[PDB]
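Notes follow once the structure below has been shown.
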Amino acid sequence: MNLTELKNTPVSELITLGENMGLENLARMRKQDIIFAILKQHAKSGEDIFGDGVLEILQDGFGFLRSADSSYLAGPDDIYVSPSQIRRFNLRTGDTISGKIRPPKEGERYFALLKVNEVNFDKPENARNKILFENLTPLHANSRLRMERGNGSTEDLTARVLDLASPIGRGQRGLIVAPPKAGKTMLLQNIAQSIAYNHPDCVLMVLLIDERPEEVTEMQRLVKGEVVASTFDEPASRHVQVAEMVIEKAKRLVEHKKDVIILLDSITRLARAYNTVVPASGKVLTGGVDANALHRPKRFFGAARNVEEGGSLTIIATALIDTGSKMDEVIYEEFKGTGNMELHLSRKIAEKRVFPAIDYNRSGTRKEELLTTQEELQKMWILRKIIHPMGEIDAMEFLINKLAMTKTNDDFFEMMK
Amino acid sequence: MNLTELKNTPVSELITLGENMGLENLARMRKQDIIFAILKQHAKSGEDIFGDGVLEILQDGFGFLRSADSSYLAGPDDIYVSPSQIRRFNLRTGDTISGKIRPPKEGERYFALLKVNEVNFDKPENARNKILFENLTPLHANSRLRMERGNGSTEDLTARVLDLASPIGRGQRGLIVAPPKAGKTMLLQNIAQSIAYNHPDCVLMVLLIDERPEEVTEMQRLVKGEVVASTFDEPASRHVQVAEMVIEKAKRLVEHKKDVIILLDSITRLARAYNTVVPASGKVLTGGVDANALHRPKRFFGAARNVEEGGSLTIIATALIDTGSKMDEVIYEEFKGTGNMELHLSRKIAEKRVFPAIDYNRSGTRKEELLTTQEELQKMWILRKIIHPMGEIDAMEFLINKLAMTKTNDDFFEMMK
Amino acid sequence: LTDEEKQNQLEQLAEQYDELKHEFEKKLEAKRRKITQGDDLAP
RNA sequence: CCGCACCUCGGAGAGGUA
């Protein structure tokens with residue numbers, strides 16, 4: 001009787017089960033109260049109760065096992081983790097803990113954890129003895145993540161243009177610079193779909209912080225993966241906590257030799273949240289940015305790196321420019337000198353309804369020879385030297401007319417010769 | 001003997017009735033005291049007294065039933081709600097309660113609730129078993145709210161321009177950006193009249209906060225609907241209370257599967273009121289805004305959403321820019337990145353008395369293909385491509401001269417081809 | 001269960017609950033007030 | 001705690017104990 005399985009069932013089936021068990025009227029009771037009552041009734045018979053969740057250690061020492069479907073929102077009905085077990089098993093924030101639980105006794109408000117059975121969806125013996133992420137030797141992007149579908153679909157044109165302009169690999173740290181109303185949503189959805197289709201082994205993560213609830217419920221019902229979000233109706237502390245939980249889970253997965261790909265579309269929103277929640281230091285920089293406000297997002301961005309011992313962490317954030325606020329401009333100018341990949345989008349091309357409106361001239365990738373072969377690099381260099389003299393709109397039209405003739409870029413490369 | 005029927009009769013008839021009953025001299029008594037004494041004398045004979053009102057639960061545990069004729073203002077004749085009834089019926093702030101009320105006994109100052117007959121204009125059995133608003137599945141705007149009258153009146157030109165520039169559907173969350181003296185009053189009155197004329201089934205609410213009493217009495221005596229207002233003669237606490245009551249009533253009506261449309265014209269004034277009533281936290285942002293002052297108006301704005309199970313909540317707020325205060329500019333710049341619809345107005349066009357002075361180039365609607373057909377979308381694209389090269393005043397004059405030739409936009413679209 | 005006073009007792013259930021309110025639960029609220037309200041003391 | 005925004009420690013009465 002897992003907690004997640006009981007939380008995923010609809011309210012109707014829960015009310016039906018509660019009426020069959022013979023409890024009080026559950027129609028006017030909350031779903032969480034129904035779950036609590038049915039867990040008490042099931043434990044009264046003598047059966048054991050099991051649960052799971054990601055650990056969220058508080059400042060006082062203890063922590064809880066939050067759920068992913070609620071963006072790790074603080075709730076009164078979760079698995080309490082005593083500091084004793086934390087000191088015993090050396091648990092940290094982000095460790096996925098699964099084990100036996102029990103209903104709280106009189107005077108308690110949370111489910112107590114007795115014994116942990118599975119750590120990070122793996123054996124506890126392999127999770128206790130491990131090399132920390134701070135000790136992993138970083139490296140440049142070595143493996144290639146080919147975003148091209150190859151099925152000849154019209155949606156694959158965006159992935160083809162992306163692979164021709166900025167090849168992305170495992171451990172890449174890129175930036176998607178674009179003005180508002182450029183098409184970042186559809187482009188990010190296409191990137192997520194291509195990652196889920198071509199690279200299913202990669203752990204795709206979408207973190208939409210401080211966005212509209214309609215866009216959140218659209219993203220959750222469109223892509224095949226995990227979508228942890230935090231709308232603007234929640235305070236900035238919620239955003240900070242969600243980002244911390246996500247980066248801790250990503251670090252734990254990378255330590256467990258997993259290829260995590262994080263698509264962030266709120267780096268500017270996260271920086272604003274950090275600048276809002278930071279105490280008044282007394283020194284304000286140009287644009288209303290605090291001195292210690294850019295530390296946390298810059299570290300979150302730099303966390304992405306390629307691991308030689310195993311696994312990789314790829315983070316492709318999306319920047320916001322020309323938003324009318326000088327603070328966002330200062331944030332973009334500061335974060336520009338940090339990454340090594342910029343995917344610019346042109347508003348002039350977007351106004352002509354030419355999607356995708358990708359600035360091919362200003363795009364590029366540093367050390368691209370480590371992700372492409374010699375002949376592929378030579379062909380890309382020749383294509384750039386031929387395209388550069390033409391204008392942005394003309395270059396995009398030429399590229400679309402050339403890619404529309406065939407399905408794969410290999411045929412275009414063979415015909416160019 | 002209903003409360004709403006007694007709170008609308010003139011003073012002369014109430015004085016006559018009280019002199020016929022044989023009570024104290026009513027010529028030197030207020031209308032509320034007259035009604036109170038008449039109800040007391042009527043109940044002393046053995047008759048029933050009926051009442052109604054919107055519930056407002058206080059922090060101490062109890063609540064009162066505010067009336068709709070005083071814009072939800074604390075009055076001496078408010079109906080008291082005991083906490084026992086709240087525990088029995090699971091009452092919450094916003095639940096409309098209607099039923100028999102008993103007069104206050106010796107030692108009491110407010111009417112008690114004898115029995116509740118109707119809950120939220122519906123049967124109590126249907127209102128006691130329901131799903132909360134926080135559990136409803138959000139979606140984008142699906143239903144089309146055509147604002148075109150069709151009667152061929154000269155006032156319909158503004159509605160036609162609004163429909164061509166930015167169509168509005170059920171559940172839309174937009175902003176009406178405009179400088180001072182743009183004419184927001186006439187535009188809001190026209191929108192309210194068009195909503196009351198074309199869509200009488202939807203619940204229309206006009207919320208005015210911190211406005212002049214003349215505009216209030218003009219709005220109440222012009223539109224066919226409910227208008228809750230709060231002039232500047234009241235403190236910001238009254239504004240916050242009115243906003244909370246309005247948003248709770250809207251949430252309850254949405255939970256009861258109703259299409260609520262709120263015409264707010266005080267988002268900036270509401271933010272100022274929240275910043276004034278929030279306790280000082282020792283941290284001041286750019287323009288004099290508290291770090292936690294934007295949370296409440298941001299949630300009030302984001303409460304609007306489209307429900308798939310039933311009902312919808314539309315909130316159209318008007319923002320103030322170029323008011324000489326940097327605080328309003330910061331509030332506008334912060335709230336601009338939240339909504340998905342901006343209807344800007346040009347001061348240059350308003351100075352020439354060319355109404356409506358609407359910035360057609362800066363206007364627009366995101367995901368407009370979900371509320372308009374393919375043919376209509378293509379016609380709007382062609383109209384925007386033709387209008388964009390021209391100047392603002394020139395484009396407005398061209399649009400007026402083109403709409404003056406026909407009655408409906410369909411004939412104009414057919415003649416353009 | 002049949003055509004008996006039970007049809008009235010369902011409506012008499014509400015009347016009995018109102019009488020119980022008036023005589024016991026209104027006194028409960030009065031006691032709650034008297035416990036929560038202040039006490040007349042020396043100036 | 002004064003203003004957010006980068007060009008060359010007392011008195012009376014009542015009851016009781018020895």
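Identifiers for the structure tokens are assigned positionally: chains receive A, B, ... in sequence, residues are indexed from 1 per chain, and ligands are indexed from 1 in the order shown.
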With all Cα atoms paired residue by residue, do a least-squares superposition of chain A on chain B and hand back the transformed coordinates as a compact mmCIF listing (two decimals) with C-alpha atoms, in the first residue's frame.
# COMPACT_ATOMS: atom_id res chain seq x y z
CA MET A 1 -39.77 39.25 5.47
CA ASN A 2 -36.29 39.26 3.96
CA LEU A 3 -33.60 41.67 5.15
CA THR A 4 -32.54 42.75 1.65
CA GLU A 5 -36.13 43.52 0.64
CA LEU A 6 -36.58 45.69 3.74
CA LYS A 7 -33.22 47.43 3.14
CA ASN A 8 -34.07 48.21 -0.50
CA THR A 9 -37.31 50.01 0.38
CA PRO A 10 -37.04 53.80 0.81
CA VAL A 11 -37.02 55.47 4.22
CA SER A 12 -40.47 57.01 3.67
CA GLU A 13 -42.25 53.66 3.34
CA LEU A 14 -40.36 52.28 6.35
CA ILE A 15 -41.42 55.25 8.49
CA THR A 16 -44.99 54.85 7.25
CA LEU A 17 -45.02 51.15 8.16
CA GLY A 18 -43.49 51.87 11.56
CA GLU A 19 -46.13 54.51 12.30
CA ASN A 20 -48.90 52.15 11.17
CA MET A 21 -47.58 49.38 13.43
CA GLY A 22 -47.76 51.79 16.37
CA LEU A 23 -44.17 52.22 17.55
CA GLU A 24 -42.21 55.20 18.86
CA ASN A 25 -41.31 58.17 16.66
CA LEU A 26 -39.19 56.82 13.80
CA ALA A 27 -38.42 60.14 12.08
CA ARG A 28 -35.37 60.76 14.29
CA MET A 29 -34.37 57.07 14.25
CA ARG A 30 -31.95 55.40 11.84
CA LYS A 31 -33.21 53.17 9.03
CA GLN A 32 -31.39 50.23 10.62
CA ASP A 33 -33.08 50.98 13.95
CA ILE A 34 -36.45 51.12 12.18
CA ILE A 35 -35.72 47.74 10.58
CA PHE A 36 -34.72 46.29 13.96
CA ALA A 37 -37.86 47.61 15.65
CA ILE A 38 -40.21 46.39 12.92
CA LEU A 39 -38.52 42.97 12.97
CA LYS A 40 -39.00 42.78 16.74
CA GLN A 41 -42.66 43.79 16.37
CA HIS A 42 -43.25 41.26 13.59
CA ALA A 43 -41.59 38.46 15.57
CA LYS A 44 -43.68 39.37 18.62
CA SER A 45 -46.82 38.41 16.70
CA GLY A 46 -45.35 34.96 16.01
CA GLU A 47 -44.24 35.13 12.37
CA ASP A 48 -40.80 33.90 11.34
CA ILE A 49 -38.00 36.13 10.06
CA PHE A 50 -35.76 35.21 7.13
CA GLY A 51 -32.53 36.69 5.81
CA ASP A 52 -29.57 36.04 3.55
CA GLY A 53 -26.07 37.23 2.79
CA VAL A 54 -22.52 36.23 1.94
CA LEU A 55 -20.52 34.72 4.79
CA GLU A 56 -17.53 36.67 6.14
CA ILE A 57 -15.65 34.47 8.62
CA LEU A 58 -13.59 36.44 11.14
CA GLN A 59 -10.28 35.42 12.67
CA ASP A 60 -11.90 34.40 15.98
CA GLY A 61 -13.85 31.64 14.21
CA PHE A 62 -17.33 33.08 13.80
CA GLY A 63 -18.65 35.04 10.84
CA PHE A 64 -21.54 37.16 9.59
CA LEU A 65 -23.79 37.37 6.53
CA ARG A 66 -22.95 40.73 4.96
CA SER A 67 -24.98 42.42 2.23
CA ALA A 68 -23.83 43.24 -1.30
CA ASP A 69 -25.46 46.68 -1.54
CA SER A 70 -23.08 48.03 1.14
CA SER A 71 -19.90 46.47 -0.32
CA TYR A 72 -19.92 44.02 2.61
CA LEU A 73 -19.22 46.84 5.06
CA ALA A 74 -19.06 45.82 8.71
CA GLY A 75 -22.36 46.57 10.41
CA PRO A 76 -23.92 45.95 13.82
CA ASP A 77 -27.17 44.65 12.25
CA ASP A 78 -26.37 41.45 10.36
CA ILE A 79 -26.92 37.69 10.57
CA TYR A 80 -24.52 36.25 13.14
CA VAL A 81 -23.05 32.86 12.20
CA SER A 82 -21.89 30.80 15.17
CA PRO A 83 -18.76 28.63 14.78
CA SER A 84 -20.94 25.60 15.58
CA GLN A 85 -22.87 25.89 12.31
CA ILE A 86 -19.61 26.58 10.47
CA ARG A 87 -18.14 23.32 11.77
CA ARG A 88 -21.44 21.52 11.11
CA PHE A 89 -22.03 22.56 7.48
CA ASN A 90 -18.33 23.13 6.62
CA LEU A 91 -19.03 26.75 5.74
CA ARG A 92 -16.31 28.98 4.29
CA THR A 93 -15.92 32.64 3.38
CA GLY A 94 -17.94 33.41 0.25
CA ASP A 95 -20.78 30.91 0.70
CA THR A 96 -24.14 32.59 0.13
CA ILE A 97 -26.22 31.47 3.12
CA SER A 98 -30.01 31.84 3.19
CA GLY A 99 -32.23 30.58 5.98
CA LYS A 100 -34.35 31.36 9.01
CA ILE A 101 -33.15 33.97 11.52
CA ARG A 102 -34.38 35.35 14.84
CA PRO A 103 -34.12 38.68 16.69
CA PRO A 104 -31.28 38.84 19.23
CA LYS A 105 -32.20 38.21 22.85
CA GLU A 106 -31.16 40.35 25.83
CA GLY A 107 -27.39 40.80 25.81
CA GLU A 108 -26.90 40.13 22.09
CA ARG A 109 -26.26 42.53 19.22
CA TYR A 110 -26.64 40.38 16.09
CA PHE A 111 -29.32 38.17 14.56
CA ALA A 112 -28.65 34.49 15.19
CA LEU A 113 -28.85 31.93 12.38
CA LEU A 114 -30.87 28.80 13.19
CA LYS A 115 -31.07 26.73 9.99
CA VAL A 116 -29.62 27.32 6.52
CA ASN A 117 -32.11 26.63 3.72
CA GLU A 118 -30.15 27.52 0.57
CA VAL A 119 -26.38 27.52 0.00
CA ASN A 120 -24.88 29.50 -2.90
CA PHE A 121 -28.40 29.85 -4.36
CA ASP A 122 -28.53 26.07 -4.74
CA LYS A 123 -29.43 22.92 -2.83
CA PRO A 124 -27.26 22.30 0.25
CA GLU A 125 -26.70 18.68 -0.80
CA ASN A 126 -24.97 19.83 -3.99
CA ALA A 127 -22.99 22.45 -2.07
CA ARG A 128 -21.68 20.12 0.65
CA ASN A 129 -20.37 17.52 -1.83
CA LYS A 130 -18.28 19.42 -4.37
CA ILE A 131 -14.82 19.58 -5.92
CA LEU A 132 -12.74 22.48 -4.62
CA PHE A 133 -11.26 25.11 -6.93
CA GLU A 134 -7.74 24.08 -5.90
CA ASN A 135 -8.40 20.63 -7.40
CA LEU A 136 -9.94 21.80 -10.69
CA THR A 137 -7.75 21.03 -13.70
CA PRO A 138 -6.82 24.34 -15.40
CA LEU A 139 -6.86 24.81 -19.16
CA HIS A 140 -6.30 27.50 -21.76
CA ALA A 141 -9.05 29.72 -23.14
CA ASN A 142 -11.24 27.50 -25.33
CA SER A 143 -14.66 29.13 -25.67
CA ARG A 144 -14.96 32.41 -27.56
CA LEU A 145 -16.70 35.45 -26.06
CA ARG A 146 -17.55 37.57 -29.10
CA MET A 147 -17.80 41.15 -27.83
CA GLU A 148 -19.29 42.38 -31.13
CA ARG A 149 -22.91 43.46 -30.78
CA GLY A 150 -23.84 43.12 -34.45
CA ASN A 151 -26.62 45.73 -34.35
CA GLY A 152 -24.56 48.19 -36.39
CA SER A 153 -24.45 50.74 -33.58
CA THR A 154 -21.69 53.34 -33.36
CA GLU A 155 -20.84 52.07 -29.87
CA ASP A 156 -20.07 48.65 -31.37
CA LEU A 157 -16.94 50.05 -33.05
CA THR A 158 -14.97 49.69 -29.82
CA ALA A 159 -16.04 46.05 -29.43
CA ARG A 160 -15.18 45.38 -33.08
CA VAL A 161 -11.70 46.89 -32.69
CA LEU A 162 -11.23 44.87 -29.50
CA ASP A 163 -12.23 41.62 -31.21
CA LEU A 164 -9.91 42.41 -34.13
CA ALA A 165 -6.97 43.28 -31.86
CA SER A 166 -7.37 41.07 -28.77
CA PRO A 167 -10.06 38.37 -28.81
CA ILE A 168 -11.23 37.55 -25.28
CA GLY A 169 -12.66 34.19 -24.23
CA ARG A 170 -13.82 32.32 -21.13
CA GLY A 171 -11.04 32.11 -18.55
CA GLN A 172 -8.87 34.79 -20.17
CA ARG A 173 -6.37 36.72 -18.04
CA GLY A 174 -5.81 40.08 -19.75
CA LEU A 175 -4.49 43.54 -18.95
CA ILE A 176 -5.69 46.95 -20.16
CA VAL A 177 -2.57 49.14 -20.12
CA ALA A 178 -3.37 52.83 -20.56
CA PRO A 179 -2.07 56.18 -19.29
CA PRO A 180 -4.30 58.51 -17.26
CA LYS A 181 -7.01 60.43 -19.12
CA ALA A 182 -7.12 57.90 -21.96
CA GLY A 183 -10.75 56.75 -21.83
CA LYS A 184 -10.60 53.68 -19.60
CA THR A 185 -13.95 54.50 -17.98
CA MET A 186 -16.01 54.64 -21.18
CA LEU A 187 -14.19 51.62 -22.60
CA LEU A 188 -14.87 49.57 -19.46
CA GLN A 189 -18.52 50.66 -19.48
CA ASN A 190 -18.84 49.60 -23.13
CA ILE A 191 -17.20 46.25 -22.35
CA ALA A 192 -19.60 45.69 -19.45
CA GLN A 193 -22.61 46.59 -21.60
CA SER A 194 -21.47 44.27 -24.40
CA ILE A 195 -20.92 41.43 -21.92
CA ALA A 196 -24.34 41.96 -20.33
CA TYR A 197 -26.03 42.10 -23.75
CA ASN A 198 -24.30 39.30 -25.67
CA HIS A 199 -23.50 36.97 -22.74
CA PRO A 200 -26.23 37.29 -20.08
CA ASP A 201 -25.30 33.92 -18.56
CA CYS A 202 -21.91 35.29 -17.51
CA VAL A 203 -21.71 36.74 -13.99
CA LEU A 204 -20.44 40.25 -14.67
CA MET A 205 -18.63 41.91 -11.75
CA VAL A 206 -17.26 45.46 -11.57
CA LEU A 207 -14.87 46.19 -8.68
CA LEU A 208 -14.03 49.91 -8.52
CA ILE A 209 -11.78 50.25 -5.46
CA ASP A 210 -10.35 53.60 -4.31
CA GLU A 211 -12.30 55.67 -6.84
CA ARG A 212 -14.47 58.77 -6.70
CA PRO A 213 -18.02 58.44 -5.30
CA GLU A 214 -19.40 60.21 -8.37
CA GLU A 215 -17.88 57.59 -10.68
CA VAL A 216 -19.27 54.85 -8.41
CA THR A 217 -22.83 56.21 -8.43
CA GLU A 218 -22.51 56.73 -12.19
CA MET A 219 -21.40 53.13 -12.75
CA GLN A 220 -24.17 51.74 -10.54
CA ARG A 221 -26.82 53.70 -12.45
CA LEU A 222 -25.46 52.85 -15.92
CA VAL A 223 -24.53 49.16 -16.27
CA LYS A 224 -26.95 46.27 -15.75
CA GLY A 225 -25.24 44.22 -13.09
CA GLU A 226 -23.57 44.22 -9.69
CA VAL A 227 -21.20 47.10 -8.87
CA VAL A 228 -19.29 46.54 -5.62
CA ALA A 229 -17.06 49.54 -4.92
CA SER A 230 -14.97 51.08 -2.14
CA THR A 231 -14.19 54.79 -2.43
CA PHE A 232 -10.98 56.41 -1.19
CA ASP A 233 -12.80 57.67 1.92
CA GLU A 234 -12.37 54.15 3.37
CA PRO A 235 -9.03 52.83 4.66
CA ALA A 236 -6.93 50.32 2.76
CA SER A 237 -8.07 47.54 5.11
CA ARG A 238 -11.58 48.08 3.74
CA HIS A 239 -10.17 47.66 0.22
CA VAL A 240 -8.40 44.43 1.20
CA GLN A 241 -11.55 43.05 2.83
CA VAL A 242 -13.72 43.95 -0.16
CA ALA A 243 -11.25 42.33 -2.57
CA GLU A 244 -11.12 39.20 -0.40
CA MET A 245 -14.91 38.94 -0.26
CA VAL A 246 -15.15 39.42 -4.04
CA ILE A 247 -12.49 36.81 -4.86
CA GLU A 248 -14.07 34.33 -2.42
CA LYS A 249 -17.52 34.82 -3.97
CA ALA A 250 -15.98 34.44 -7.44
CA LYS A 251 -14.23 31.21 -6.43
CA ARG A 252 -17.44 29.82 -4.92
CA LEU A 253 -19.37 30.68 -8.09
CA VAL A 254 -16.70 29.05 -10.28
CA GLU A 255 -16.92 25.96 -8.07
CA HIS A 256 -20.70 26.08 -8.64
CA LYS A 257 -20.09 25.93 -12.43
CA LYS A 258 -20.59 29.63 -13.18
CA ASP A 259 -18.87 31.84 -15.76
CA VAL A 260 -17.59 34.78 -13.71
CA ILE A 261 -16.15 37.83 -15.48
CA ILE A 262 -14.39 40.32 -13.19
CA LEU A 263 -13.52 43.77 -14.58
CA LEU A 264 -10.90 45.20 -12.22
CA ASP A 265 -9.82 48.85 -12.49
CA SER A 266 -7.93 49.10 -9.19
CA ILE A 267 -5.18 46.45 -9.48
CA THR A 268 -2.62 49.21 -8.93
CA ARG A 269 -4.76 50.71 -6.16
CA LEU A 270 -5.17 47.25 -4.62
CA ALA A 271 -1.40 46.70 -4.74
CA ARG A 272 -0.87 50.08 -3.05
CA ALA A 273 -3.43 49.13 -0.39
CA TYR A 274 -1.66 45.82 0.27
CA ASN A 275 1.71 47.59 0.45
CA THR A 276 0.18 50.01 2.97
CA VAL A 277 -1.48 47.39 5.20
CA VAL A 278 1.48 44.97 5.20
CA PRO A 279 3.55 45.06 8.41
CA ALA A 280 7.11 46.35 8.15
CA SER A 281 9.24 43.41 7.03
CA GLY A 282 12.48 45.42 6.97
CA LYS A 283 13.33 44.97 3.27
CA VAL A 284 12.21 47.54 0.69
CA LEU A 285 12.54 47.02 -3.06
CA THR A 286 12.97 49.59 -5.81
CA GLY A 287 10.06 52.03 -5.85
CA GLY A 288 8.96 51.62 -2.23
CA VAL A 289 7.32 48.23 -2.81
CA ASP A 290 7.40 45.63 -0.05
CA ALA A 291 8.64 42.10 -0.70
CA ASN A 292 5.31 40.51 0.30
CA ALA A 293 3.14 43.32 -1.10
CA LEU A 294 2.90 41.89 -4.63
CA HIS A 295 1.96 38.37 -3.49
CA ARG A 296 -1.76 38.99 -2.83
CA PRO A 297 -2.52 40.94 -6.05
CA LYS A 298 -0.51 38.50 -8.17
CA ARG A 299 -2.51 35.60 -6.70
CA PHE A 300 -5.77 37.50 -7.24
CA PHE A 301 -4.77 38.00 -10.87
CA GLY A 302 -3.65 34.40 -11.39
CA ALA A 303 -6.88 33.07 -9.87
CA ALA A 304 -8.49 33.55 -13.28
CA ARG A 305 -8.34 30.32 -15.29
CA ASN A 306 -10.45 28.05 -17.49
CA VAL A 307 -12.03 25.03 -15.78
CA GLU A 308 -12.68 21.86 -17.76
CA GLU A 309 -15.09 20.33 -15.22
CA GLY A 310 -17.37 23.36 -15.55
CA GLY A 311 -17.41 27.15 -15.40
CA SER A 312 -14.65 29.66 -15.99
CA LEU A 313 -13.10 32.74 -14.38
CA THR A 314 -12.17 35.68 -16.60
CA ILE A 315 -10.38 38.72 -15.14
CA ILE A 316 -9.51 41.70 -17.35
CA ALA A 317 -7.60 44.20 -15.24
CA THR A 318 -6.64 47.74 -16.27
CA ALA A 319 -3.06 48.88 -15.71
CA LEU A 320 -1.81 52.42 -15.11
CA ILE A 321 1.42 53.74 -16.64
CA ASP A 322 3.06 57.15 -17.05
CA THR A 323 1.44 58.31 -13.80
CA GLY A 324 4.58 60.14 -12.62
CA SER A 325 5.23 57.60 -9.84
CA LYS A 326 7.95 54.99 -10.27
CA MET A 327 6.08 52.60 -7.96
CA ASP A 328 3.27 52.19 -10.49
CA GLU A 329 5.88 51.66 -13.21
CA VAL A 330 7.55 48.90 -11.18
CA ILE A 331 4.17 47.29 -10.49
CA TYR A 332 3.29 47.38 -14.20
CA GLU A 333 6.67 45.95 -15.19
CA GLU A 334 6.28 43.14 -12.65
CA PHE A 335 2.70 42.28 -13.64
CA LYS A 336 3.49 42.46 -17.37
CA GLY A 337 5.32 39.12 -17.31
CA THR A 338 2.37 37.43 -15.57
CA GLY A 339 -0.60 37.80 -17.93
CA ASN A 340 -0.95 36.83 -21.57
CA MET A 341 -2.87 39.81 -22.99
CA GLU A 342 -2.10 43.54 -23.18
CA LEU A 343 -4.54 46.12 -24.57
CA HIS A 344 -2.47 49.30 -24.86
CA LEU A 345 -3.96 52.75 -25.42
CA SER A 346 -2.04 55.58 -27.10
CA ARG A 347 -2.12 59.08 -25.62
CA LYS A 348 -1.07 60.64 -28.94
CA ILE A 349 -4.24 59.29 -30.56
CA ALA A 350 -6.37 60.32 -27.57
CA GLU A 351 -5.12 63.92 -27.84
CA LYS A 352 -6.64 64.07 -31.35
CA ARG A 353 -10.08 63.18 -29.88
CA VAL A 354 -10.02 59.95 -31.89
CA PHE A 355 -11.97 57.57 -29.68
CA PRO A 356 -11.26 54.81 -29.11
CA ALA A 357 -7.49 55.43 -29.00
CA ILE A 358 -6.39 51.80 -29.00
CA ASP A 359 -2.77 50.90 -29.76
CA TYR A 360 -3.41 48.22 -32.37
CA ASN A 361 0.29 47.50 -32.92
CA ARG A 362 1.21 46.74 -29.30
CA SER A 363 -2.05 44.88 -28.66
CA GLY A 364 -2.39 41.14 -29.13
CA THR A 365 -3.37 37.84 -27.58
CA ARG A 366 -1.25 34.74 -26.98
CA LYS A 367 -2.63 31.43 -28.28
CA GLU A 368 -5.26 33.35 -30.25
CA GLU A 369 -5.76 30.34 -32.55
CA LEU A 370 -7.72 28.66 -29.73
CA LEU A 371 -10.37 31.42 -29.79
CA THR A 372 -10.61 32.09 -33.55
CA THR A 373 -11.00 29.94 -36.64
CA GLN A 374 -8.30 29.33 -39.24
CA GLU A 375 -9.72 31.74 -41.81
CA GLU A 376 -10.36 34.39 -39.14
CA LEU A 377 -6.78 34.05 -37.89
CA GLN A 378 -5.46 34.33 -41.46
CA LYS A 379 -7.56 37.45 -42.07
CA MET A 380 -6.33 39.00 -38.81
CA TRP A 381 -2.73 38.20 -39.77
CA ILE A 382 -3.18 39.80 -43.20
CA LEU A 383 -4.82 42.86 -41.63
CA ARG A 384 -1.94 43.21 -39.17
CA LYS A 385 0.66 42.82 -41.92
CA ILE A 386 -1.08 45.54 -43.94
CA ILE A 387 -1.58 47.85 -40.94
CA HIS A 388 1.85 47.44 -39.28
CA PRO A 389 3.84 49.62 -41.75
CA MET A 390 1.47 52.54 -41.20
CA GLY A 391 1.60 54.82 -38.18
CA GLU A 392 -0.63 54.47 -35.14
CA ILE A 393 -2.85 57.48 -35.93
CA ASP A 394 -2.96 56.56 -39.62
CA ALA A 395 -3.76 52.93 -38.77
CA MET A 396 -6.61 54.00 -36.49
CA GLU A 397 -7.99 56.36 -39.14
CA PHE A 398 -7.81 53.61 -41.77
CA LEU A 399 -9.54 51.12 -39.45
CA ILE A 400 -12.30 53.60 -38.60
CA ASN A 401 -12.87 54.50 -42.26
CA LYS A 402 -13.03 50.81 -43.17
CA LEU A 403 -15.35 49.75 -40.34
CA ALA A 404 -17.64 52.73 -40.95
CA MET A 405 -18.52 51.43 -44.43
CA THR A 406 -20.41 48.41 -43.05
CA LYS A 407 -22.04 47.19 -39.85
CA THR A 408 -20.34 43.81 -39.30
CA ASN A 409 -16.72 42.80 -39.79
CA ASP A 410 -17.80 39.90 -42.03
CA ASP A 411 -18.60 42.33 -44.85
CA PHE A 412 -15.19 43.98 -44.44
CA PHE A 413 -13.50 40.56 -44.55
CA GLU A 414 -15.45 39.64 -47.69
CA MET A 415 -14.59 42.96 -49.37
CA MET A 416 -10.88 42.70 -48.53
CA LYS A 417 -10.61 39.61 -50.73
Legend entry - d(atom CA of residue 33 of chain C, atom CA of residue 14 of chain C) in Å: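 Distance reported for this atom pair: 25.4 Å.
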Inset, instruction - From a DSSP calculation on the backbone, collect every residue of segment 54-250 of chain A in helix (DSSP H, G or I) and output the set as a ChimeraX atom specification. - result: /A:83-89,124-128,133-135,156-165,184-198,213-220,236-250
Legend entry - Pairwise distance for atom CA of residue 6 of chain C and atom CA of residue 20 of chain C, rounded to one decimal in Å: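 If I compute the distance from atom CA of residue 6 of chain C to atom CA of residue 20 of chain C, I get 19.0 Å.
Separating atom CA of residue 35 of chain C from atom CA of residue 18 of chain C is a distance of 23.8 Å.
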